[PDB]
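Written below as structure tokens is the structure these notes are about.
FYI, it's all coordinate maths here, none of it is from the lab. Positions of Cβ are generated from backbone atoms using ideal geometry, with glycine treated the same way; all protein chains shown enter the neighbour counts.
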Amino acid sequence: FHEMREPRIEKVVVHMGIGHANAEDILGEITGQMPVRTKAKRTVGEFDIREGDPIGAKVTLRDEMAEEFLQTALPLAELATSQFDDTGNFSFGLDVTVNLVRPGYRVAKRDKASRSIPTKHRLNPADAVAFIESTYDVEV
Amino acid sequence: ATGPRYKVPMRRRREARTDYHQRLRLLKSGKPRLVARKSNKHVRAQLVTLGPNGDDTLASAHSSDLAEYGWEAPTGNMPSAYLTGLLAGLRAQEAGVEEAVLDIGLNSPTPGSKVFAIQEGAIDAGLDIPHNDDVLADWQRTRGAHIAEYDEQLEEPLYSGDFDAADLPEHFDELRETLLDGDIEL
Amino acid sequence: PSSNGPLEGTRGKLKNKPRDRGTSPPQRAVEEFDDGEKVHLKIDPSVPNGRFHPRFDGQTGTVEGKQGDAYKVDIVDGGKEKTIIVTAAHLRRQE
Amino acid sequence: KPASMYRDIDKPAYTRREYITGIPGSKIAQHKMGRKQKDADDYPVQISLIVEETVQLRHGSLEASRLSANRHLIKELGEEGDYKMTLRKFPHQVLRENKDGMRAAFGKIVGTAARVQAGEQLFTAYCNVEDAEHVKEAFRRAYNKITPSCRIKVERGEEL
Amino acid sequence: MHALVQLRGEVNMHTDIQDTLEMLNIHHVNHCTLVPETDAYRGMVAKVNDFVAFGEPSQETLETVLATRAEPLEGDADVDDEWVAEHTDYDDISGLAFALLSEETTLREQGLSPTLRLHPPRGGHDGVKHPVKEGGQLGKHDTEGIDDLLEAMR
RNA sequence: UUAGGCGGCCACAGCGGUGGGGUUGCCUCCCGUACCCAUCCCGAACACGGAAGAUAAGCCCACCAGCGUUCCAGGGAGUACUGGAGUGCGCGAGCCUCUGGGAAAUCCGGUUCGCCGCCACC
RNA sequence: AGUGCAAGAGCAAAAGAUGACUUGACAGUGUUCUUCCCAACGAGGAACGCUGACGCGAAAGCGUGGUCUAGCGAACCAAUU
RNA sequence: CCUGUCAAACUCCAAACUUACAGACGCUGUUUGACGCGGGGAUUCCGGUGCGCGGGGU
Ligand SMILES: [Cl-]
Ligand SMILES: [Cl-]
Ligand SMILES: [Mg+2]
Ligand SMILES: [Mg+2]
Ligand SMILES: [Mg+2]
Ligand SMILES: [Mg+2]
Ligand SMILES: [Mg+2]
Ligand SMILES: [Mg+2]
Ligand SMILES: [Mg+2]
Ligand code: NA
Ligand code: NA
Ligand code: NA
Ligand code: NA
Ligand code: NA
Ligand code: NA
Ligand SMILES: [Sr+2]
Ligand SMILES: [Sr+2]
Ligand SMILES: [Sr+2]
Ligand SMILES: [Sr+2]
Ligand SMILES: [Sr+2]
Ligand SMILES: [Sr+2]
Ligand SMILES: [Sr+2]
Ligand SMILES: [Sr+2]
Ligand SMILES: [Sr+2]
């Protein structure tokens, strides 16, 4: 039981919201894999009329590429309670967010006969703090 | 769910198992659907005809009963898929079925995928199905060359139970061979 | 009326009841009829192509052959006989 | 104008404000009256006023009656007596007047009325067994300013 | 088996009603017909409910009438036992009368005109502006009432 | 159907919940990228190859009615409305009688936590 | 929500959004309905076929313009093929 | 939560009723030939009233 229930990270997204780019470089260096541009919707009085146009970038880290980045990422931040997602996710910031969830998650991300995860199998803020905390750092 | 004005999707759509929009286009041809479906360990290939209470299955072919003829290898690969196709293609040939349209379900039209490889077997069995040659995988990957040359990158057996270390795509030929036999109890 | 367009005053007849919203089943858009068969004309709001003139909803016609995949149903408007071209999606076998 | 012009029900229901404009505001100032914080069950007596014929009541009639009606209770029971009267109807029907000749006759919106089917309760008071006669007199006045004849019926009152 | 009797003229009566009457083989005021009792036959009388007098007659009366007002399919020949017997699968009026009521045959099936052309009610009827319940003569009747009329219209 | 594939009707099938279920069997989660294929960045997905592990999800099985829905009982109600008729009543708006039909809201009590088709299969 | 524009209607693994490819907004000839309920009447319109040629797709298939209902015009004369 | 009211251009509901086709009974037609088909000749295209349902207008 405990095994197929014990958490893990599915993806760590690093993103810089700018609004007009040259910032890609650093992420390619710090993560270890290419980045991707960010667009937007709706005109913005802040001279943000052009709808589809570069505004930021991001990178999704999976498996090692993710951990290896976290070993250094996590330390650089002071984690708090009000910094957690009801689904066991946390963002802090250059932004760095982490998507955590129990084993059989593919069930929802696949194509064929997918299904949403029962509120029970959903990770909890608590179960999140624990798992993470139990990996080189403190809570509170 | 919420109230009366609410709209609950057709069951088979909730379940996310049938793509009706695509289905319709299929159903139009009038020809029977050559249902091709995968599974982690298996591969099925049904030949469906339309009915008054629901679809009818005039001829199937499961990768499991593929061993029933002498298959000692796995049941979720190209060699597997092809064969299963040719098997159902034959059985169907035994029901009066002559043509069909490939129904790859919710799978993807990827080039050389097991589905097209399944479709290739039913064609070879004698059935008439609208296809696209250059979308099918190369005769070898159909055999198991892609996998055999993988065990070449040995150091650790490609398999658990011993079917063999280097694997025998020849076996593929051996089985295929056994199917073109008139006798063979279908 | 105020306009003499085909859909004039057809809000009611050409609209699905809430729970009948969205795409329709394919089983009946493929139904095969036989020449002579009596069929009930009723447009499927969810279906767009293969519709006969609204004025004919409720008519019970007799399939007298088909054109393409669509059917050529025979009906009688008042006293004048007409040949209506409709697709299965808008037909139901009588009885 | 005379109530004769809009007392019967003969036009189609006309209330879609989304299509009507220049609709005059209601002359009614209060539908809830008396001690509107208390409750209807807090009283022994509950006397309502029933309209005997189905009609239309222009807001000027409702207010005109409701006024002189309640104004009595305020007099005989004090501007803070122990009662609570209510006017359950509201002026929804919009009324027009064609004010030229019969050409392009559709009128211009001039008022609002409340359609009250015969046998319904226009008003409903809630008083203590004592002021029951001051409420009956409060209605005798009110039914003199609406078009139909009425009945003063007791909904809860064994005290007689 | 019911006795239908038109008591109201044709002028101003709806056409679909008058058409029904003629379908029930009744073409003039005071004409009478003996109609079975099926769903179909019910719908019709129901629809004519206002320009007719109906109900089930007593075997007795039905005879009194048949005697006095039945006619061949063509002719003056009086329909009397002899006549009845010489042409009808029966032996006498009572014989016929019983079948009609039991609903086994029809005046037509025998060679009798579907209509029994009665005579104005002697002493007048109870009026055509109200049903039987309101004291009039229109609508369904009491086997006794029906007779009272048919009797009076010998 | 000791867990499968394709369906028809498309909520009686929804929403929410409880309990049980898997050694070479099934479905999965799962393990892994040499290839076919793949991601405007990610073997996440898609695709391919494979079983060290698991029954915690999913799924299948049994059950729960609180919400939603289907049908039924009784009450509302033969009330509202209404096709036909009237030398019936009313100043009138309108009402009534006779005849043939006949709701809706709501309340209480049951039902409903899907049904059926073809194929494959200890 | 969006879907160019009135209103009513259709649409969610799409009819909406994004990407790419593409130009079927192609040639020609019909059936039917509409225009004109019933019931005769032109232009215009629509659905539905067939022949030829194309576009996309693995394929079924989809494209005779924009999801449906408005955006339209006789003869004579002129130009043009 | 509790409480007070509405809708020609609102609808989770919903008639009576009208209406397509078929069967049955009725009625009608096969010397009075219906149903239908072709042809000749019209008149007519100021209507009115009662009742039911209406829309406008005191
Ligand atoms: Cl599959
Ligand atoms: Cl049409
Ligand atoms: Mg309407
Ligand atoms: Mg005679
Ligand atoms: Mg006398
Ligand atoms: Mg008299
Ligand atoms: Mg369990
Ligand atoms: Mg009078
Ligand atoms: Mg020119
Ligand atoms: Na639908
Ligand atoms: Na003028
Ligand atoms: Na870009
Ligand atoms: Na499980
Ligand atoms: Na034309
Ligand atoms: Na005229
Ligand atoms: Sr009026
Ligand atoms: Sr003048
Ligand atoms: Sr008065
Ligand atoms: Sr993986
Ligand atoms: Sr008078
Ligand atoms: Sr008066
Ligand atoms: Sr009844
Ligand atoms: Sr279109
Ligand atoms: Sr009508």
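List the extent of the Cα atoms of chain D along each of their three principal axes, largest first, rounded to whole Å.
Principal extents (largest minus smallest coordinate, Cα): 61, 27, 24 Å.
What do you get for trypsin sites (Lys or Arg not before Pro) in segment A:98-140 restricted to DSSP loop and a cutoff of at most 10 other Cβ within 10 Å of the site's Cβ? Write down the numbers at each step before the final one.
Details: sites: A:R106, A:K109, A:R110, A:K112, A:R115, A:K120, A:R122; in loops: A:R110, A:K112, A:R115, A:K120, A:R122.
Taking segment A:98-140 and a limit of 10 other Cβ atoms within 10 Å, the loop trypsin sites (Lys or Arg not before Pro) found are A:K120.
Using a/c under 1.5 as the rounded threshold, could you call chain E rounded, prolate or oblate? The axes a ≥ b ≥ c are square roots of the C-alpha gyration tensor eigenvalues, and prolate needs a/b larger than b/c, oblate otherwise. All intermediate terms of the calculation are to be shown ahead of the outcome.
Values: a/c = 1.74, a/b = 1.53, b/c = 1.13.
It comes out prolate by the Cα gyration axes.
Say each of A:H2 and D:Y19 gets a label point 7 Å from the Cα, pointing the same way as Cα to Cβ; how far apart are those two points in nm?
Result: 7.2 nm between the two label points.
Enter the Cα centre distance for the pair segment D:131-155 and segment D:10-39, rounded to the nearest angstrom.
After rounding, the separation between the Cα centres reads 22 Å.
Hey, got the dipole for the protein assembly as shown? About the Cα centre, +1 on K and R Cβ, -1 on D and E Cβ, debye to the nearest 20? Please report the intermediate quantities before stating the final value.
Numbers: 96 positive and 124 negative charges, 1231 e Å.
My answer is approximately 5920 debye.
Highest mean first, what order results for B:171-183, D:37-49 on Cβ atoms within 10 Å? Numbers along the way, then the final one.
Details: B:171-183: 13.7, D:37-49: 16.0.
Per-residue Cβ counts within 10 Å, averaged per peptide and sorted highest first, yield D:37-49, B:171-183.
Taking only C-alpha pairs under 8 Å that are 6+ residues apart, what is the relative contact order of chain C in percent? Each step should come with its number before you reach the end.
Working: 160 pairs, mean separation 28.2, N = 95.
Relative contact order for chain C comes out at 30 percent.
Taking H placed 1.01 Å from N in the peptide plane, check which residues at least 5 places from E:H2 or on another chain put their amide H under 5 Å from its amide H.
E:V35
Which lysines have a Cα less than 23 Å from the Cα of B:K7, not counting those fewer than 8 places away in the same chain?
Within the straight-line limit of under 23 Å, B:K7 reaches these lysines: A:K112, C:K13, C:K15, C:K17, C:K42.
Please compute the Kirkwood hydrodynamic radius over chain A, one decimal place, Å, based on all pairs of different Cα atoms. The partial results should precede the final answer.
Values: mean 1/r = 0.0593 Å⁻¹.
It works out to 16.9 Å.
What percentages, rounded to whole numbers, describe P(r) for segment E:58-113 computed over all alpha carbon pairs with 10 Å bin width beginning at zero?
28, 64, 8
DSSP beta bridges in chain E, what fraction antiparallel, as a percent rounded to 5?
Details: 8 of 11 bridges.
The answer is about 75 percent antiparallel.
As a test of the formula, what do you get for the protein assembly as shown when each DSSP H run with n ≥ 4 contributes -39,500 (n - 2.57) and the sum is divided by the residue count, at 222 nm and rounded to the nearest 500 deg cm²/dmol? Mind dumping the intermediate values first?
Numbers: 21 runs with 189 residues, N = 735.
Taken over the protein assembly as shown, the calculation gives -7500 deg cm²/dmol.
Once both labels are modelled 7 Å past Cα along the beta-carbon direction, what's the E:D80-A:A113 spacing in nm?
9.3
Which peptide among C:28-38, B:83-93, B:40-50 comes first, and what is the full order, when sorted by highest mean count of other Cβ atoms within 10 Å? Provide the component values of the computation, followed by the final result.
Working: C:28-38: 14.0, B:83-93: 25.5, B:40-50: 18.5.
For the peptides C:28-38, B:83-93, B:40-50, the packing ranking is B:83-93, B:40-50, C:28-38.
Which of C:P45, C:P26, C:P18 moves the most in a Gaussian network model of chain C with Cα springs under 10 Å?
Of C:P45, C:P26, C:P18, the Gaussian network model singles out C:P18 as fluctuating most.
Roughly what % antiparallel, to the nearest 5, for the DSSP beta bridges in chain B? Before the final figure, lay out the partial values.
Working: 10 of 14 bridges.
In chain B, DSSP labels about 70 percent of beta bridges as antiparallel.
Say each of C:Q67 and A:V36 gets a label point 7 Å from the Cα, pointing the same way as Cα to Cβ; how far apart are those two points in nm?
Reported label-point gap for C:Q67 and A:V36 is 5.0 nm.
In terms of the Cα gyration tensor, with a ≥ b ≥ c the square roots of its eigenvalues, is segment A:1-44 rounded because a/c is under 1.5, prolate because a/b exceeds b/c, or oblate?
Details: a/c = 4.77, a/b = 1.89, b/c = 2.53.
Verdict is oblate for segment A:1-44.
Can you tell me the Rg and the Dmax, both Å, for the Cα atoms in chain B?
Both quantities, over Cα of chain B: 18.4, 64 Å.
Please report, ordered by residue number, every helix of chain B (full DSSP H runs) that is 18 Å or longer along its axis going by C-alpha atoms and whose mean Kyte-Doolittle hydropathy reaches -0.5.
Working: long enough: B:78-93 (22 Å, 0.58).
Qualifying helices: B:78-93.
Counting DSSP beta bridges with both partners in the protein assembly as shown, what percentage is antiparallel, nearest 5? Write out the running numbers ahead of the final one.
On the way: 78 of 85 bridges.
Expressed as a percentage, antiparallel bridges in the protein assembly as shown total about 90.
Give the Cα extents of chain C along the principal axes, in whole Å, largest first.
Here the spans come out as 37, 34, 26 Å, largest first.
Return the average number of partner chain Cβ atoms within 10 angstrom of each residue Cβ along peptide C:17-25. Can you show the working numbers first?
On the way: counts 2, 5, 5, 1, 3, 4, 6, 3, 4.
Other-chain Cβ atoms within 10 Å of each residue's Cβ, averaged: 4.
With +1 on each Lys and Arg Cβ and -1 on each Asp and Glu Cβ, how big is the dipole of segment A:1-45 about its Cα centre, in debye rounded to the nearest 20?
Details: 7 positive and 6 negative charges, 84 e Å.
Dipole magnitude for segment A:1-45 comes out near 400 debye.
Could you let me know the centre-to-centre spacing of segment C:10-67 and segment A:69-96, using Cα atoms, in angstrom?
58
How do E:65-78, B:156-169 rank on mean C-beta neighbours within 10 Å, highest first? Write down the numbers at each step before the final one.
On the way: E:65-78: 15.4, B:156-169: 12.8.
Descending packing order for the listed peptides: E:65-78, B:156-169.
Quantify how strongly other chains surround peptide A:114-122 by giving the mean number of their Cβ atoms within 10 Å of each of its Cβ atoms. Intermediate values should be presented prior to the final figure.
On the way: counts 3, 3, 0, 0, 0, 0, 0, 0, 0.
That works out to 1 on average.
Once every Cα of the protein assembly as shown carries one equal point scatterer and solvent is ignored, give the base-10 log of I(q)/I(0) from the Debye formula at q = 0.06, 0.10 Å⁻¹, two decimals.
For the protein assembly as shown at q = 0.06, 0.10 Å⁻¹, log10 I(q)/I(0) is -0.89, -1.16.
For chain E, what is the relative contact order in percent, using Cα pairs closer than 8 Å and at least 6 residues apart in sequence? Walk me through the numbers before you get to the answer.
Values: 263 pairs, mean separation 44.9, N = 154.
Averaging sequence separation for qualifying contacts and normalising by length gives 29 percent for chain E.
Cα axis of helix E:59-69 to longest principal axis of chain E: angle in degrees, 0 to 90, nearest 10?
The angle comes out near 80 degrees.
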